[PDB]
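Okay, here we've got a single chain as structure tokens, the form deposited in one PDB entry, with questions on binding and movement later.
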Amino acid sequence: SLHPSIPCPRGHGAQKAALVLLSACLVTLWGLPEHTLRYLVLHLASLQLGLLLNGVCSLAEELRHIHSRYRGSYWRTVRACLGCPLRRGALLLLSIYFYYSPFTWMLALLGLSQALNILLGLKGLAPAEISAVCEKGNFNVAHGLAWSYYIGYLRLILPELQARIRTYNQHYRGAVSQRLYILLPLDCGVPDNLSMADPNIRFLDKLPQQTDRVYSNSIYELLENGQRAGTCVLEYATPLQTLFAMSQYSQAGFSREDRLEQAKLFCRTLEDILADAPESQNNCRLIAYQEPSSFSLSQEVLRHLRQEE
């Protein structure tokens, strides 16, 4: 409705043309009794056991990710596989009602059939269905936030940064490390400053220019037992402020479980980009955390600081 090449969203034409081929194929059965209907649900059973066997093998992948992806909860993992046990398991019981009115040997034939369907890669997802699951969930916001952060901000501020650090040391007493530490709070909730987030980190300063775009940089000196054992540059992650603010934007249904699944994905993608980047080979260093026994993040920065040298 904006440009003729702009694709409109998907409609219900998949369901619409489904009943047409249903009504076409149903009247062919009128071309020939009642003997078919016991065979119909038995074949309809075999589609469900194939889907049920496709769930349990994918469950073997999921137990690798019980702690991270599913917070140690065994019930969510079974709920994550198999789609919907209600609409699947109901027709499975209805089949055995019709099945009575060498079964394991008959059951074993469909067993290995679905195995090679997975092994040969025959369970293919079409690029129509691959696309239609991607534009369905409007909050797929994780790779765009990672890729635009590297392109728009990190590609620009990192190669200049080493010169802005050394001129502060030529200006002086306090030796600041030559890396950029980006904090990634998973409980996203980003405040404006950092003195209130931890009173162990209570500096403020402005990193000077080179001597266009003006990226103000503040150096926060850790005050381990009231003493600045470490001085460093700390910035938050501006994409995490967006992920927070979409959840507060209640006109879009973005919940705190949907936010936490992307913020973990945002750190994995941003760790990938800084692996093979020309500029961040030794400059960037992400410090992710999620504090509930809420410990001090000033310690874990100092662990990342003393591991530098």
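So that the term is clear: the rigid core is the largest set of C-alpha atoms that superpose within 1.5 Å between two forms. Quick note: we count residues from 1 along the sequence shown, nothing fancier.
Only in words, not in the display: the form deposited in another entry, which the text now covers.
Fitting the rigid core first, would the Cα of residue 139 be found 2 Å or more away between the shown form and the other one?
-> It does shift by 2 Å or more.
After the core is matched up, is the C-alpha of residue 46 off by 2 Å or more between the shown form and the other one?
-> Yes, shifts by 2 Å or more.
Hey, does residue 159 budge by 2 Å or more at the Cα between the shown form and the other one once the core is superposed?
-> Result for residue 159: no, shift under 2 Å.
Knowing the Cα distance between residue 126 and residue 262 changes 3 Å or more in that other deposited form, does it shrink or grow relative to here?
-> Compared with the form shown here, the C-alpha atoms of residue 126 and residue 262 sit closer together in that other deposited form, by 3 Å or more.
With a C-alpha distance change of 3 Å or more, do residue 265 and residue 133 lie closer or farther in that other deposited form?
-> So the answer is closer.
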